*Asks:* 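Questions regarding the structure given below will be posed in turn.
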Amino acid sequence: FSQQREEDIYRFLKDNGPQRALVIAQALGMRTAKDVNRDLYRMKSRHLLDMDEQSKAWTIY
Amino acid sequence: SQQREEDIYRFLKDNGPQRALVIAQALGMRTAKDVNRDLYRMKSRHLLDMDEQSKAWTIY
DNA sequence: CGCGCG
DNA sequence: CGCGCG
């Protein structure tokens, strides 16, 4: 987390719809999905986001 | 190849099947992540094998 | 290649 | 909790 990145993540998914972790990271200047996954799963635990297990895509809920 | 693999082999040979954490600490390192790259690299070459139940690596 | 895991 | 992942 660095630092309110979850806010940026939230804006991207809100404006671009359901996207995989790799696309989210690249849209924020990062390289791999590992750079944002701990954030995504932290937001998911707080019911901010949710992931479709089939498409591995993250969306706002 | 990277000499460390030879050291992992000797440890498993003398101490028997061990989990990745034990192997790493035996070679001076801290976590399993420090040796997992070598382990699976040796597995693909059929040097080692991991018991999926106990997660212990052995000579195969 | 899914990996979230500290 | 397996995770090797670049």
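A, B, ... follow the sequence lines: proteins, then strands. Residue 1 opens every chain.
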*Asks:* What is the distance, to the nearest angstrom, from the CZ atom on B/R41 to the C1' atom on D/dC5?
*Replies:* 13 Å
*Asks:* Taking CG from A/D35 and P from C/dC5, how many angstroms apart are they, rounded to a whole number?
*Replies:* 14 Å
*Asks:* May I ask you to check whether B/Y40 and B/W57 place their ring centers less than 6.0 Å from one another?
*Replies:*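 Yes; B/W57 has its ring centre under 6.0 Å from that of B/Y40.
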*Asks:* Rounded to the nearest Å, what distance is computed from the CZ atom of residue B/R19 to the P atom of nucleotide D/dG2?
*Replies:*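 Atom CZ in B/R19 sits about 5 Å away from atom P in D/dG2.
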*Asks:* Please report, rounded to the nearest Å, how far the P atom of C/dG2 is from the CG atom of A/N37.
*Replies:*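 Spelled out: CG on A/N37 to P on C/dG2 is 9 Å.
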*Asks:* On the nucleotide C/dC3, are OP1 or OP2 found under 4.0 Å from the side-chain N or O atoms that A/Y41 carries?
*Replies:*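 Yes, because at least one side-chain N or O of A/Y41 sits under 4.0 Å from OP1 or OP2 of C/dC3.
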*Asks:* Mind calculating the distance between CG (B/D49) and P (D/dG2) to the nearest angstrom?
*Replies:*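 Going from B/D49 (CG) to D/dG2 (P), I get 16 Å.
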*Asks:* Where the side chain of A/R38 is defined as all heavy atoms beyond and including C-beta, which of C/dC5, D/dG6, D/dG4 is the nearest nucleotide?
*Replies:*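 My answer, after comparing the listed nucleotides, is C/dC5.
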*Asks:* Figure out the CG/P separation between B/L21 and D/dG4, and round it to whole Å.
*Replies:*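 These atoms are roughly 12 Å apart.
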*Asks:* What integer distance in Å separates B/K33:NZ from C/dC3:P?
*Replies:*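 Atom-to-atom, B/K33 to C/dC3, this comes out as 14 Å.
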*Asks:* Check the pair A/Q26, A/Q19 against side chain to side chain contact (heavy atoms under 4.5 Å, CB included), reporting the backbone distance first and the verdict last.
*Replies:* CA-CA 11 Å; A/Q26 292 179 345; A/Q19 298 295 338; over 6 Å; no
*Asks:* Give a yes or no on whether a salt bridge exists between B/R4 and B/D7, defined as a side-chain N under 4.0 angstrom from a carboxylate O.
*Replies:* no
*Asks:* Whole angstrom is fine here: how far is it from CG in A/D39 over to P in C/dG4?
*Replies:*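 Whole-Å distance recorded here is 11 Å.
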*Asks:* Can you tell if the side chain of A/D52 reaches within under 4.5 Å of the side chain of A/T59, non-hydrogen atoms only?
*Replies:* no
